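Novice:
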Amino acid sequence: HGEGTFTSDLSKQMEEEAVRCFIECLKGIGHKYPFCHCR
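Residues 4 to 42 in my numbering are what the sequence shown spells out, letter by letter.
Below, the structure is given as structure tokens:
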């Protein structure tokens, strides 16, 4: 698939984790995503 690198603070640029939960947690959704730790 090539280098499809999802970074987790490693580059802190195009991150998937803690942003894909962040904007959703802002709305109010709990654990929709594996890495989404929203209450």
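Just so you know, even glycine gets a beta-carbon here, dropped at the ideal spot from N, CA and C.
So the alpha helix (DSSP H) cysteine 28 belongs to, where does it begin and stop?
Specialist: Working through the sequence shown from its first residue, we reach residue 28 at position 25. Unbroken alpha helix (DSSP H) run through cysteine 28: 25–28.
Novice: Could you tell me the alpha carbon to alpha carbon distance between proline 37 and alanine 21, rounded to whole angstroms?
Specialist: On the sequence shown, residue 37 is found 34 positions in, with the first residue counted as 1. On the sequence shown, residue 21 is found 18 positions in, with the first residue counted as 1. About 11 Å.
Novice: In the DSSP assignment, what are the bridge partners of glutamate 18?
Specialist: In the sequence shown, the residue the question calls residue 18 occupies position 15. According to DSSP, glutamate 18 bridges with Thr10.
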